[PDB]
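Report on one structure; see the data block that follows.
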Amino acid sequence: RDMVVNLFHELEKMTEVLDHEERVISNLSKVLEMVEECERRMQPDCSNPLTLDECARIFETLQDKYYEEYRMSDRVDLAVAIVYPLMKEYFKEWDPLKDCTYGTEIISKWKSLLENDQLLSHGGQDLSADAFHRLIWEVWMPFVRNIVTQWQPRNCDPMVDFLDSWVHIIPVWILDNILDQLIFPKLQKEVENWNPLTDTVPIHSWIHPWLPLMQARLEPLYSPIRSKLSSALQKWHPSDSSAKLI
Amino acid sequence: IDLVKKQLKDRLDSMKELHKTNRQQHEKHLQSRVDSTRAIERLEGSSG
């Protein structure tokens, strides 16, 4: 009887593992069909191109039910092949200074779908093994580089609103590169062009929005500002309260 | 796309092979009980 009892529970154990494996077989058959559907639709040969909203749905379905497939496979490489060409086209006409919010929700949606669970807090320079860090670096960063060269720091507001709306979304390592290497020399350069005695737009109106994002980093720039304002105060008289206001 | 697509093809057939193995073991374990079940009934009938 104990032999029959042990085998019976073991037989039920085989059914609980036959039923489970069969479910994944039906699931992975869909997984293969979805990847083959994607590969077909991404070709110019297919008159039904894969829309970016549908590609998110595919990645959502693969992550939620089919999760084990992402953990074992090269989730980076799958994103590089599929997500990166489509994201390039979606941002191709994007002007971050005119519409700072375009693509914020989508990339945040993609952040949940592509950034590896260990790495969302770090945001480090993983161009080797993260699907999102190299996404923002290869797709999103080229458009930003061009615009910063064109951007005028006196009109900082579209650029401040852009960086603040994306600060929670983009990798931290990308942010530091933008602030130190691209934004900071231009902010200095704009101060070099700004003249306190002839410019009608007060410097605080366009430097102070950078106080949250940059904080301590703005300290070297205050000396040129103080020096030009020193030149402005040369003709100022204490009865003129406008210096106190500025 | 083919890098992930390769692994998905192989894994699906492998799970079927694992399913097939479990299916065959289910049949063999069923057979083992039958020969034991006969001995139970034979012992029970003789016990009365």
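Simple scheme: letters A, B, ... for chains in structure tokens order, numbers from 1 for residues in each chain, numbers from 1 for ligands in the order shown.
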
Using only C-alpha atoms, what does the table of chain B residues within 7 Å of chain A look like, with each row giving the shortest atom pair and its distance in Å to one decimal, sorted by chain and ascending number, as CSV?
residue,atom,partner,partner_atom,distance
B:1,CA,A:81,CA,5.7
B:4,CA,A:73,CA,6.1
B:5,CA,A:35,CA,6.7
B:8,CA,A:32,CA,6.1
B:9,CA,A:32,CA,6.8
B:12,CA,A:25,CA,6.0
B:15,CA,A:21,CA,6.7
B:16,CA,A:25,CA,7.0
B:19,CA,A:18,CA,5.9
B:22,CA,A:14,CA,6.2
B:26,CA,A:11,CA,6.0
B:29,CA,A:7,CA,6.4
B:33,CA,A:4,CA,5.3
B:36,CA,A:4,CA,6.8

What does the distance between atom CA of residue A:187 and atom CA of residue A:161 come to in Å, to one decimal place?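 Answer for the atom CA of residue A:187 to atom CA of residue A:161 separation: 16.1 Å.
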
Go ahead and compute the interatomic distance for atom CA of residue A:171 and atom CA of residue A:123, in Å to one decimal.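 Interatomic distance here is 4.2 Å.
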
So which bits of stretch 12-235 of chain A end up alpha helix (DSSP H) when you DSSP the backbone, as a ChimeraX atom specification? /A:12-42,52-64,68-72,75-91,104-114,133-135,141-150,157-166,172-177,184-193,203-207,211-214,219-233

Residue A:195 surroundings by only C-alpha atoms, 12 Å radius, close-in-sequence under 3 positions cut, as a PDB file with N, CA, C and O atoms, in the first residue's frame:
ATOM      1  N   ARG A 154      19.408  82.267 -22.044  1.00  0.00           N
ATOM      2  CA  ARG A 154      18.464  83.311 -21.647  1.00  0.00           C
ATOM      3  C   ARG A 154      17.023  82.827 -21.729  1.00  0.00           C
ATOM      4  O   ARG A 154      16.161  83.291 -20.974  1.00  0.00           O
ATOM      5  N   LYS A 189      29.051  80.953 -21.302  1.00  0.00           N
ATOM      6  CA  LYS A 189      29.068  81.663 -22.586  1.00  0.00           C
ATOM      7  C   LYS A 189      27.931  82.675 -22.704  1.00  0.00           C
ATOM      8  O   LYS A 189      28.114  83.759 -23.271  1.00  0.00           O
ATOM      9  N   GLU A 190      26.737  82.321 -22.220  1.00  0.00           N
ATOM     10  CA  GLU A 190      25.615  83.254 -22.279  1.00  0.00           C
ATOM     11  C   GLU A 190      25.820  84.430 -21.330  1.00  0.00           C
ATOM     12  O   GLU A 190      25.443  85.562 -21.656  1.00  0.00           O
ATOM     13  N   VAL A 191      26.369  84.161 -20.135  1.00  0.00           N
ATOM     14  CA  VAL A 191      26.767  85.210 -19.190  1.00  0.00           C
ATOM     15  C   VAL A 191      27.826  86.112 -19.823  1.00  0.00           C
ATOM     16  O   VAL A 191      27.797  87.341 -19.664  1.00  0.00           O
ATOM     17  N   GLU A 192      28.740  85.512 -20.602  1.00  0.00           N
ATOM     18  CA  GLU A 192      29.749  86.252 -21.362  1.00  0.00           C
ATOM     19  C   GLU A 192      29.109  87.159 -22.414  1.00  0.00           C
ATOM     20  O   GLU A 192      29.679  88.197 -22.765  1.00  0.00           O
ATOM     21  N   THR A 198      22.390  96.768 -20.281  1.00  0.00           N
ATOM     22  CA  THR A 198      21.577  96.910 -21.480  1.00  0.00           C
ATOM     23  C   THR A 198      20.519  95.831 -21.650  1.00  0.00           C
ATOM     24  O   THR A 198      19.522  96.078 -22.336  1.00  0.00           O
ATOM     25  N   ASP A 199      20.703  94.657 -21.056  1.00  0.00           N
ATOM     26  CA  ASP A 199      19.729  93.582 -21.181  1.00  0.00           C
ATOM     27  C   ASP A 199      18.533  93.794 -20.261  1.00  0.00           C
ATOM     28  O   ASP A 199      18.688  94.010 -19.056  1.00  0.00           O
ATOM     29  N   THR A 200      17.337  93.733 -20.847  1.00  0.00           N
ATOM     30  CA  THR A 200      16.090  93.926 -20.118  1.00  0.00           C
ATOM     31  C   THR A 200      15.666  92.707 -19.311  1.00  0.00           C
ATOM     32  O   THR A 200      14.856  92.850 -18.391  1.00  0.00           O
ATOM     33  N   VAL A 201      16.173  91.519 -19.637  1.00  0.00           N
ATOM     34  CA  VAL A 201      15.768  90.280 -18.974  1.00  0.00           C
ATOM     35  C   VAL A 201      16.722  90.035 -17.806  1.00  0.00           C
ATOM     36  O   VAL A 201      17.934  89.885 -18.036  1.00  0.00           O
ATOM     37  N   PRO A 202      16.236  90.065 -16.556  1.00  0.00           N
ATOM     38  CA  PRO A 202      17.095  89.802 -15.391  1.00  0.00           C
ATOM     39  C   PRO A 202      17.685  88.395 -15.382  1.00  0.00           C
ATOM     40  O   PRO A 202      17.018  87.428 -15.756  1.00  0.00           O
ATOM     41  N   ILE A 203      18.976  88.318 -15.027  1.00  0.00           N
ATOM     42  CA  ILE A 203      19.735  87.065 -14.988  1.00  0.00           C
ATOM     43  C   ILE A 203      19.114  86.002 -14.072  1.00  0.00           C
ATOM     44  O   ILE A 203      19.166  84.805 -14.395  1.00  0.00           O
ATOM     45  N   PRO A 224      31.970  85.268 -12.689  1.00  0.00           N
ATOM     46  CA  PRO A 224      31.706  86.153 -13.850  1.00  0.00           C
ATOM     47  C   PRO A 224      30.469  87.026 -13.686  1.00  0.00           C
ATOM     48  O   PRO A 224      30.474  88.185 -14.122  1.00  0.00           O
ATOM     49  N   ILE A 225      29.391  86.448 -13.136  1.00  0.00           N
ATOM     50  CA  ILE A 225      28.142  87.173 -12.891  1.00  0.00           C
ATOM     51  C   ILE A 225      28.376  88.330 -11.925  1.00  0.00           C
ATOM     52  O   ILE A 225      27.935  89.460 -12.174  1.00  0.00           O
ATOM     53  N   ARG A 226      29.044  88.048 -10.792  1.00  0.00           N
ATOM     54  CA  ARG A 226      29.421  89.079  -9.823  1.00  0.00           C
ATOM     55  C   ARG A 226      30.296  90.165 -10.438  1.00  0.00           C
ATOM     56  O   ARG A 226      30.099  91.347 -10.154  1.00  0.00           O
ATOM     57  N   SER A 227      31.242  89.776 -11.303  1.00  0.00           N
ATOM     58  CA  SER A 227      32.127  90.732 -11.970  1.00  0.00           C
ATOM     59  C   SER A 227      31.398  91.639 -12.958  1.00  0.00           C
ATOM     60  O   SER A 227      31.712  92.832 -13.045  1.00  0.00           O
ATOM     61  N   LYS A 228      30.460  91.098 -13.741  1.00  0.00           N
ATOM     62  CA  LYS A 228      29.689  91.954 -14.643  1.00  0.00           C
ATOM     63  C   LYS A 228      28.722  92.847 -13.879  1.00  0.00           C
ATOM     64  O   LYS A 228      28.540  94.016 -14.244  1.00  0.00           O
ATOM     65  N   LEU A 229      28.043  92.290 -12.874  1.00  0.00           N
ATOM     66  CA  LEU A 229      27.201  93.091 -11.989  1.00  0.00           C
ATOM     67  C   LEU A 229      28.013  94.149 -11.245  1.00  0.00           C
ATOM     68  O   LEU A 229      27.497  95.236 -10.979  1.00  0.00           O
ATOM     69  N   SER A 230      29.269  93.828 -10.872  1.00  0.00           N
ATOM     70  CA  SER A 230      30.196  94.822 -10.317  1.00  0.00           C
ATOM     71  C   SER A 230      30.389  95.994 -11.268  1.00  0.00           C
ATOM     72  O   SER A 230      30.451  97.149 -10.833  1.00  0.00           O
ATOM     73  N   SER A 231      30.510  95.705 -12.567  1.00  0.00           N
ATOM     74  CA  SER A 231      30.615  96.747 -13.584  1.00  0.00           C
ATOM     75  C   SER A 231      29.313  97.537 -13.672  1.00  0.00           C
ATOM     76  O   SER A 231      29.331  98.751 -13.909  1.00  0.00           O
ATOM     77  N   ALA A 232      28.174  96.843 -13.550  1.00  0.00           N
ATOM     78  CA  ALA A 232      26.872  97.505 -13.563  1.00  0.00           C
ATOM     79  C   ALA A 232      26.685  98.406 -12.351  1.00  0.00           C
ATOM     80  O   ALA A 232      26.100  99.491 -12.466  1.00  0.00           O
TER      81      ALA A 232
END
